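Visitor: Could you have a look at this structure, given as structure tokens, before my questions?
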Amino acid sequence: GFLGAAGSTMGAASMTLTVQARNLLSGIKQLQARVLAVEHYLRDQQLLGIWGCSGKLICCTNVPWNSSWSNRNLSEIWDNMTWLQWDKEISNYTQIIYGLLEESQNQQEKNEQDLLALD
Amino acid sequence: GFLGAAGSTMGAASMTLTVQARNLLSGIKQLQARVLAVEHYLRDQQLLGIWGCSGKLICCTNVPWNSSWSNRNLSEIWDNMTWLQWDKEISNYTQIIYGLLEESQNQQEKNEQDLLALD
Amino acid sequence: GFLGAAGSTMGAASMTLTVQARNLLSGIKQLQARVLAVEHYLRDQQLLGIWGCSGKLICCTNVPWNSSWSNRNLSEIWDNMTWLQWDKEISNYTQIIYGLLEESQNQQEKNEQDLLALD
Amino acid sequence: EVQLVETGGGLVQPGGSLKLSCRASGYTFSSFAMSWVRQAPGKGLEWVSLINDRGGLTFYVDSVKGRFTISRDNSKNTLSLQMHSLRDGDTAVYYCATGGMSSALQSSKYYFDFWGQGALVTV
Amino acid sequence: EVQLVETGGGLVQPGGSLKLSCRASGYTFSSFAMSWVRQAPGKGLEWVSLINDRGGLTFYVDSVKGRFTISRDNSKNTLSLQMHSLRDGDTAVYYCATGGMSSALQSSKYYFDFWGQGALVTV
Amino acid sequence: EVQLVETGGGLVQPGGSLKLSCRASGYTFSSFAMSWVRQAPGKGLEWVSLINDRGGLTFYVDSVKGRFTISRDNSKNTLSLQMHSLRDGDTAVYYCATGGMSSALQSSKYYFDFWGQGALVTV
Amino acid sequence: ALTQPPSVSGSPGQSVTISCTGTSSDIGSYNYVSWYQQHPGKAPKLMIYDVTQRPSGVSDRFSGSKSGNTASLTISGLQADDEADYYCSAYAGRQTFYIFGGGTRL
Amino acid sequence: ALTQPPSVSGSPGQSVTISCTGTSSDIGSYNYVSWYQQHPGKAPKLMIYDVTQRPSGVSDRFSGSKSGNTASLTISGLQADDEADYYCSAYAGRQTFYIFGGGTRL
Amino acid sequence: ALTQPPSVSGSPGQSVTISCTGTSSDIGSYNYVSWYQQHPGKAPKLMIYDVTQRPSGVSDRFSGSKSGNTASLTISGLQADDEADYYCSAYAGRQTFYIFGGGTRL
Ligand SMILES: *[C@@H]1O[C@H](CO)[C@@H](O)[C@H](O)[C@H]1NC(C)=O
Ligand SMILES: *[C@@H]1O[C@H](CO)[C@@H](O)[C@H](O)[C@H]1NC(C)=O
Ligand SMILES: *[C@@H]1O[C@H](CO)[C@@H](O)[C@H](O)[C@H]1NC(C)=O
Ligand SMILES: *[C@@H]1O[C@H](CO)[C@@H](O)[C@H](O)[C@H]1NC(C)=O
Ligand SMILES: *[C@@H]1O[C@H](CO)[C@@H](O)[C@H](O)[C@H]1NC(C)=O
Ligand SMILES: *[C@@H]1O[C@H](CO)[C@@H](O)[C@H](O)[C@H]1NC(C)=O
């Protein structure tokens with residue numbers, strides 16, 4: 001169910017991404033709320049597109065983890081932690097990660113264009 | 001032209017998908033109608049994305065046809081039937097198919113993630 | 001910065017596509033303006049999707065350049081010209097190009113469907 | 001009935017070029033995939049090439065990928081094949097065949113439904 | 001402790017079929033990838049096949065891609081292997097192994113953590 | 001004019017490592033793709049490796065894919081090559097070359113515009 | 001290529017068996033092994049399509065079957081008009097579309 | 001396959017070195033060369049995982065290392081109970097998952 | 001590799017033809033066969049790029065052509081200063097970027 005995995009581990013919660021994805025979209029004040037909700041949804045979809053993740057819910061990238069953002073083990077993050085705790089721990093680093101993801105995709109797009117240009 | 005293939009066979013009509021796709025998007029009451037039309041469009045695009053079909057008009061999947069949904073031959077469906085008749089015949093099975101498509105894509109995304117994890 | 005490449009060459013400006021892409025989305029009269037801005041954004045995303053470019057900012061296609069649209073050299077276009085000048089020079093040919101891109105993607109989708117149908 | 005009639009050349013020196021043109025009638029040409037199948041004078045038959053119903057997709061045997069081009073004109077009901085660098089191992093009767101593929105929305109073929117009489121290509 | 005116990009056949013004529021079934025206990029079966037590793041009576045060991053923790057992905061050695069199928073039932077805590085066309089070069093002890101892969105959100109394995117006792121497949 | 005000047009090592013025992021560094025001037029370094037081309041003392045020339053103008057893409061001859069790494073620093077106007085496991089068949093003069101590729105928005109190259117003098121790598 | 005005996009024979013009115021053996025990637029994994037009958041000087045005609053199906057116009061004396069990696073054609077009620085070269089053709093995937101066997105003279 | 005000497009020996013209480021050499025695509029590029037100890041009549045046990053790491057339950061007399069394309073296992077304090085066949089296993093990519101060496105009898 | 005005669009010669013003032021033959025995947029399908037002139041002890045210089053184009057600084061006595069799978073370089077007005085080793089270089093796709101021929105001594 002919607003948000004039922006919120007208290008579950010990140011691993012267990014990663015298997016229910018479509019439930020929340022479906023639920024995100026599902027006078028003047030209500031029109032403003034609906035237009036803003038659409039704009040937010042589209043901003044998140046645009047941001048995924050910029051990263052090359054436009055059609056994926058689980059999207060792997062070419063940006064390495066710095067370890068300064070979090071030096072936890074994979075078992076500590078995926079088995080012993082929830083998504084709310086993880087989001088809180090790295091709330092100060094999401095703009096750095098987003099910037100790196102955008103730069104990495106821009107480099108990937110240029111590399112793909114150049115590879116396609118080889119006769 | 002828009003919907004000109006509605007009376008044509010499913011095969012013939014499958015070649016005009018961009019005409020309708022383009023035409024789908026093309027005070028308070030009109031704003032509500034426009035916001036709702038956008039929300040519907042986005043729900044259909046989100047649903048395609050959940051299935052891994054975010055950028056395609058004709059998207060092949062890994063979900064087998066049960067034959068209980070319809071036991072017709074391919075010539076009966078694609079050459080001797082229209083999309084309105086087909087939609088009516090399986091109107092009671094679209095939620096089962098949609099659920100299977102979502103589950104299949106979730107499995108595909110996990111498999112892709114695990115394949116990418118092989119050094 | 002946003003539109004900072006407007007006076008730069010097409011080559012130099014092609015490296016800042018995410019800045020404008022991010023900035024494009026970022027009572028009754030304002031709701032109409034916001035709904036229309038969303039509809040325009042979605043029309044451009046739908047048009048890219050029709051061409052098979054739904055997740056890309058730089059998307060290569062299978063449509064050849066006719067040379068009647070512009071007979072300039074690549075150095076004249078990418079090194080000695082800006083995007084505003086280029087857009088002005090081919091403003092009378094964008095509907096022909098868009099039509100060819102749509103037809104080419106429709107052919108590509110049918111070819112992909114037929115290739116996937118080989119056991 | 002369904003008929004396929006080959007038109008083509010005869011003796012061509014090694015390393016040259018030759019084009020075959022196959023006319024068809026009795027069925028809708030654009031509804032079937034077409035193939036060329038080769039039979040050496042003293043051997044059995046082998047598949048050489050396959051073209052889709054629309055003509056967009058072509059497939060070849062590895063040994064002929066760089067020598068043979070298969071094309072089809074659905075308005076002229078004509079299937080043609082063009083071959084370059086004719087090697088001594090390519091002398092044979094070349095038969096037109098209808099079938100061998102279908103475009104996803106049709107029942108499976110993976111067999112040949114109709115045959116022509118065959119053009120003789122020698123070197 | 002962790003135990004893997006093989007059940008399987010014995011002497012099968014050349015070209016036949018044989019299926020192995022490996023029971024496991026002492027750990028959560030669905031949390032680990034499983035492999036089969038083969039040891040000829042007079043040789044060392046070689047990897048034969050790998051299955052993921054969920055069972056969706058299978059990998060095989062090129063020499064066995066057309067003969068062996070690996071599958072796992074996570075509700076029965078059972079890993080089975082089925083082989084067809086048993087060649088003379090396939091006679092060996094087949095060991096179950098736990099490890100060899102992990103599903104991206106787990107630490108890397110690329111090694112085998114636990115071993116069974118081995119079924120003897122002969123021809 | 002345009003000049004490319006090689007710096008590098010000399011005699012290295014079989015199986016060791018050697019790095020070449022090529023300085024360039026007279027043109028914008030970041031605007032051209034760079035290649036390394038090898039000439040054995042008694043043979044003609046063969047292409048060894050290619051790097052893009054930005055450095056993101058590298059290509060190698062199959063025989064050297066596991067031994068040579070090509071890299072470029074566009075701020076230092078420097079193109080370097082590093083090779084490991086130097087085999088006896090790799091002794092040769094290694095020439096820097098400007099050209100061999102372009103990044104899609106430029107006219108086609110697929111040829112080398114400028115050459116250096118060559119470093120001699122022996123074993 | 002697929003391997004079948006080079007020659008098959010029998011008395012008129014009796015049945016004969018023609019068969020070809022391939023590998024797991026040709027006949028085993030794909031249920032698409034057709035059979036063709038070629039008279040000397042004539043183009044081959046389709047006799048069997050799919051493993052067991054017959055085209056319209058062909059009599060029911062020609063019947064296909066498959067077991068393991070071997071495909072067979074049984075011709076019952078042998079006639080003098082059946083003395084023709086028979087070939088099997090198997091679908092072998094996307095890289096190798098069709099593999100034909102050698103001929104057998106009946 | 002990976003190549004190691006067929007036989008290793010030494011006096012009890014002394015150290016021995018067991019090593020196997022592979023290529024750049026097997027041992028060199030991937031830091032995943034495990035070692036196994038197999039007693040005759042018994043299944044192999046895991047002794048070393050990763051290049052240098054040991055599993056729980058194994059004593060610290062078994063220590064791994066790698067240099068270039070050659071992996072080594074040093075066994076200090078040799079005991080009579082260590083006379084077993086040792087194997088190395090390297091991860092070799094996605095097409096060839098694992099490559100095992102021949103055995104060495106200690 | 002591409003094959004050209006190992007030696008070409010002629011009287012000063014006369015034209016000579018240098019040519020190399022490749023396959024359909026090297027010279028035939030791609031119109032990118034360049035030519036280089038290498039003096040002993042010196043690095044090669046670019047003489048011809050593309051099938052028929054000349055770089056700036058090279059005289060018009062050097063002219064390229066292509067027919068079928070064979071590329072040629074015609075050198076008119078032969079000078080004593082032209083006695084150098086000539087090589088052809090063809091683009092051969094994405095897997096094999098460049099193929100050079102053997103040299104010819106003029
Ligand atoms: C909540 O914690 C308990 C701890 O015993 C665990 O068993 C349970 O699965 C957790 N709930 C969810 C939804 O993960
Ligand atoms: C990691 O983050 C720190 C702090 O921002 C930074 O100084 C360091 O360079 C980063 N390292 C990498 C590899 O990004
Ligand atoms: C309508 O039916 C007729 C039947 O003769 C057919 O020829 C025609 O193509 C159909 N129209 C469309 C738009 O398919
Ligand atoms: C087909 O549908 C029926 C009815 O819902 C169901 O009982 C059956 O299991 C389905 N079969 C498959 C293969 O999905
Ligand atoms: C504007 O033109 C000058 C010409 O000297 C050039 O140097 C500069 O880069 C140009 N500005 C931009 C933003 O491209
Ligand atoms: C180029 O454009 C002209 C004018 O519209 C047209 O006549 C010509 O056929 C076009 N050529 C191609 C190859 O599209």
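Labels for the structure tokens follow display order: chains A, B, ..., residues from 1 in each chain, ligands from 1.
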Return as a list in words every polymer residue, whether protein, DNA or RNA, with at least one atom no more than 8 Å from an atom of ligand 5; count only C-alpha atoms and all ligand atoms.
Guide: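 Checked against 8 Å with only C-alpha atoms and all ligand atoms; the hits are residues 4, 5, 6, 7, 8, 9 and 12 of chain C.
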Visitor: Keeping only N, CA, C and O atoms, write the selected residues to a file as an mmCIF file, in the first residue's frame.
Guide:
data_model
loop_
_atom_site.group_PDB
_atom_site.id
_atom_site.type_symbol
_atom_site.label_atom_id
_atom_site.label_comp_id
_atom_site.auth_asym_id
_atom_site.auth_seq_id
_atom_site.Cartn_x
_atom_site.Cartn_y
_atom_site.Cartn_z
ATOM 1 N N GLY C 4 22.824 32.463 -21.421
ATOM 2 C CA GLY C 4 24.105 33.135 -21.555
ATOM 3 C C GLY C 4 24.836 32.775 -22.828
ATOM 4 O O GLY C 4 25.701 33.533 -23.276
ATOM 5 N N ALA C 5 24.494 31.637 -23.420
ATOM 6 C CA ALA C 5 25.086 31.150 -24.653
ATOM 7 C C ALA C 5 24.361 31.667 -25.889
ATOM 8 O O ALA C 5 24.728 31.276 -27.001
ATOM 9 N N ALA C 6 23.323 32.496 -25.718
ATOM 10 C CA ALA C 6 22.529 32.953 -26.854
ATOM 11 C C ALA C 6 23.377 33.651 -27.907
ATOM 12 O O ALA C 6 23.091 33.526 -29.103
ATOM 13 N N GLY C 7 24.413 34.379 -27.497
ATOM 14 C CA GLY C 7 25.268 35.038 -28.459
ATOM 15 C C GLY C 7 26.485 34.233 -28.847
ATOM 16 O O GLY C 7 27.296 34.694 -29.654
ATOM 17 N N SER C 8 26.627 33.029 -28.301
ATOM 18 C CA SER C 8 27.768 32.167 -28.548
ATOM 19 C C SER C 8 27.490 31.323 -29.784
ATOM 20 O O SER C 8 26.380 31.303 -30.316
ATOM 21 N N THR C 9 28.505 30.596 -30.230
ATOM 22 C CA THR C 9 28.329 29.794 -31.423
ATOM 23 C C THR C 9 27.436 28.605 -31.085
ATOM 24 O O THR C 9 27.213 28.288 -29.914
ATOM 25 N N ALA C 12 29.391 25.999 -28.982
ATOM 26 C CA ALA C 12 29.566 26.377 -27.585
ATOM 27 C C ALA C 12 28.239 26.340 -26.837
ATOM 28 O O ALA C 12 28.187 25.949 -25.665
#
Visitor: Residues of chain I were defined as contacting chain F if any atom lay at most 6 Å from it, counting only C-alpha atoms; please report them as a PyMOL selection string.
Guide: chain I and resi 43+100+102-103
Visitor: Atoms to include: N, CA and C atoms. Write the selected residues as a compact mmCIF listing (two decimals), in the first residue's frame.
Guide:
# COMPACT_ATOMS: atom_id res chain seq x y z
N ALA I 43 59.49 11.61 -40.10
CA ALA I 43 58.10 11.22 -39.89
C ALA I 43 57.30 11.35 -41.19
N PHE I 100 46.68 0.28 -42.46
CA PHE I 100 47.75 0.80 -43.30
C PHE I 100 48.26 -0.32 -44.20
N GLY I 102 51.51 -1.87 -46.72
CA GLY I 102 52.95 -1.96 -46.62
C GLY I 102 53.51 -0.78 -47.39
N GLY I 103 54.81 -0.53 -47.28
CA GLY I 103 55.36 0.59 -48.01
C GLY I 103 55.88 0.21 -49.38
Visitor: Up to 8 Å from chain A, what residues of chain E turn up? Count only C-alpha atoms and give them as an mmCIF file with C-alpha atoms, in the first residue's frame.
Guide:
data_model
loop_
_atom_site.group_PDB
_atom_site.id
_atom_site.type_symbol
_atom_site.label_atom_id
_atom_site.label_comp_id
_atom_site.auth_asym_id
_atom_site.auth_seq_id
_atom_site.Cartn_x
_atom_site.Cartn_y
_atom_site.Cartn_z
ATOM 1 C CA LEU E 105 22.355 -3.584 -2.780
ATOM 2 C CA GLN E 106 24.565 -6.131 -0.951
ATOM 3 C CA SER E 107 28.326 -6.255 -0.557
#
Visitor: Atom 6 (C, counted along the ligand's line) of ligand 4 and CA of residue 68 in chain B are how many Å apart?
Guide: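 So the two atoms, atom 6 (C, counted along the ligand's line) of ligand 4 and CA of residue 68 in chain B, lie 7.3 Å apart.
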Visitor: When you draw a straight line from CA of residue 28 in chain C to CA of residue 36 in chain A, how long is it in Å?
Guide: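 Going from CA of residue 28 in chain C over to CA of residue 36 in chain A, I get 14.5 Å.
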Visitor: Just checking: using only C-alpha atoms, which residue out of H:61, H:23, H:56, H:31 ends up closest to chain B?
Guide: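 Counting only C-alpha atoms, the residue closest to chain B is H:31.
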